[PDB]
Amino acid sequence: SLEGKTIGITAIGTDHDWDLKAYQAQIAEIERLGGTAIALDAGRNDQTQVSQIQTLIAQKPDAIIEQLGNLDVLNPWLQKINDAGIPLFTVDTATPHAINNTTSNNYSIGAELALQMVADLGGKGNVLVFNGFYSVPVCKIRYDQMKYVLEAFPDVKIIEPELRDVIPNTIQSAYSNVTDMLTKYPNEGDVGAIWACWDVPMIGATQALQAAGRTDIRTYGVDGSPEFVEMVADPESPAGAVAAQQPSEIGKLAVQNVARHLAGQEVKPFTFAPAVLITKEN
């Protein structure tokens, strides 16, 4: 099925749980179908990824799977994969350069999470927003849907400015930012929710609110990282909801889009894995 084939994987990291799950699932599926995997990990360095792409181009695999990262940086190099005549597949990276993008429904996810947040707020209150990854396609969608939904609720507002969630030291940088913002806004109704396009900073934000003794603010994020899920399920914790994805499914499905294409078969422009919203009572 991939028996005489070599598939390159280029991911920007395996630093955290979702990324590691997706990356491992790709490798496992390539080998399962009888293929050879050339697995490259950029260690959250963009310039590393660039040269890792160069490597893959020069190694001439039967196809390349690209995972996450900044689109604007990648674009000319993605173009050169097309120039080399190598089939390109992505996980999460929504680009015209790809035959297929395997991912989740970030449009529904983005909306439902935002809707849950305003439901929990009861249609009124202010929202602290971490928006440091907007150049990543899925976070662009997740942010856009949140902001669109909030247009309908004039008493639900995003506080200025938006904070920048970062890699590395994500959790502590978020914890420190939230602490700053609780100092700036101490009163019992000034801030009511905290949002990010992913789980990991919300782990920190929750820890900070807990340490501040604030039971009145809830946090919201996306991925379903075991630490944030457990916080959502805990009734003592201010973690409010999480969009739980299936990275292991996403990685698996991307490889069979590759395997389908190489067997001369029709592949759809995208493939969604399912995701659920998980809230405190649900």
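The numbering used is simple: start at 1 and walk along the sequence shown.
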property: Residue stretch of maximal mean CA temperature factor, 79-87 vs 194-202; result: 79-87
property: Average Cα temperature factor in the PDB entry - higher stretch of 55-63, 244-252; result: 55-63
property: Residue, from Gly110, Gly132, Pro168, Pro137, that the PDB entry assigns the highest Cα B-factor; result: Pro168
property: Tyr148 - which third its CA temperature factor falls in, relative to the rest of the chain; result: middle
property: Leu262, C-alpha B-factor rank within chain (lowest, middle or highest third); result: middle
property: CA B-factor placement of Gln47, once the chain's modelled residues are sorted into thirds; result: highest
property: Third assignment of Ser225 from its chain's C-alpha B-factors; result: highest
property: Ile7 by Cα B-factor - lowest, middle or highest third of the modelled chain; result: lowest
